[PDB]
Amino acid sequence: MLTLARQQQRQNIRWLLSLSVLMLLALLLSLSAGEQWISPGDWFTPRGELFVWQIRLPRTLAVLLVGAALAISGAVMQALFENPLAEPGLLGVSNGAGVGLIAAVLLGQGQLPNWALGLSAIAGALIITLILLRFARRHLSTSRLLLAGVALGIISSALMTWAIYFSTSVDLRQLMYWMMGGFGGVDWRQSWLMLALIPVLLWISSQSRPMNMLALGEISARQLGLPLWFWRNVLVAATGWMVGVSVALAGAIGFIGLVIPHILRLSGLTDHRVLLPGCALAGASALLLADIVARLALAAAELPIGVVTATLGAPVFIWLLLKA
């Protein structure tokens, strides 16, 4: 090389620094925002362990995690399927978690101890992803595998919509909070899910090299020494697990794992060693903001993230393609 490593490395580090600082500020923002603004001064008062410890601290944390997860999953899939519209809830995994949830309610008669439902959601996701693996191991072309996945998702939609037809315990709003996402009822009880997300997130970020190789030809990558038939399976696995836990934790969340990686690329983040971490911080920040604006935007009740997320994101999004 000439000097390019310094120019590009320096601009990369500046980007990541900015993104992380934004995320921290969003953290303190949500840790204080709500019905009653609690300035850092009064963070240890009795109105601090209730509003800033057993309430916003785990919800905000879960938001950062799920946002990071979704955005990374986005990046990965878009690069695996070689297609712009690759989202995470596009192979049915997001819908599979739902079928698992309802299966749990109905079967369990609705007397489960809450967490049993979260576990079922993870199970639905795992089922689907495993099926997906059997469809990929057959050496099917990516073009065909994707289609097969879309189709799985289409089946699962029709499957969970039917189970809702018999359930007596069909709650009117819980459906809308589950199908547009929300962290309203998220306490430390969900701590296990938050743990289950961390390792996979870390690991998948470290994996920039093989994604930089996938960015070339299928063949150039095989030749440079990548095991495609493996990495494809791994990626689908990791993605499905992350989407699975996210849904088990907050429900079906869109927009993030579609736009957040596009926006980053449109701003010139091509390299994966900067895009993978980029996606995590931006995804986490975007979601956090959408949460801070979905819980205290309507004195009446709590909006679902699938509203505020798109409501603000897409306007801003057009503003970036329109000219920039």
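Throughout, we count residues from 1 along the sequence that is shown.
Would you mind comparing 225 to 233 and 168 to 176 for me and telling me which has the higher average C-alpha temperature factor in the entry? For C-alpha atoms only, the mean B-factor is higher in 168 to 176.
Of 105 to 113 and 249 to 257, which one has the bigger average CA B-factor?
-> Mean CA B-factor is higher for 105 to 113.
Practice task
Using the temperature factors in the entry, find which of 41, 277, 283, 58 has the highest value at its Cα atom.
Solution key: In the PDB entry, the greatest C-alpha B-factor among 41, 277, 283, 58 is found at 41.
TODO: State the tercile, meaning the lowest, middle or highest third, of residue 241 with respect to the CA B-factors recorded for its chain.
DONE: Lowest third - that is where residue 241 ends up once the chain's C-alpha B-factors are sorted.
With respect to C-alpha B-factor, does residue 294 fall in the lowest, middle or highest third of the chain as deposited?
Middle third by C-alpha B-factor.
Quiz prompt | Record-listed C-alpha B factor of residue 33: chain third | solution = Tercile = highest for this residue's CA B-factor.
Can you tell me which third, lowest, middle or highest, the CA B-factor of residue 266 falls into for its chain?
-> For residue 266, the deposited C-alpha B-factor lands in the middle third.
Using the B-factors in the PDB entry, rank residue 192's C-alpha atom against the chain and give the third, lowest, middle or highest.
CA B-factor rank for residue 192: lowest third.
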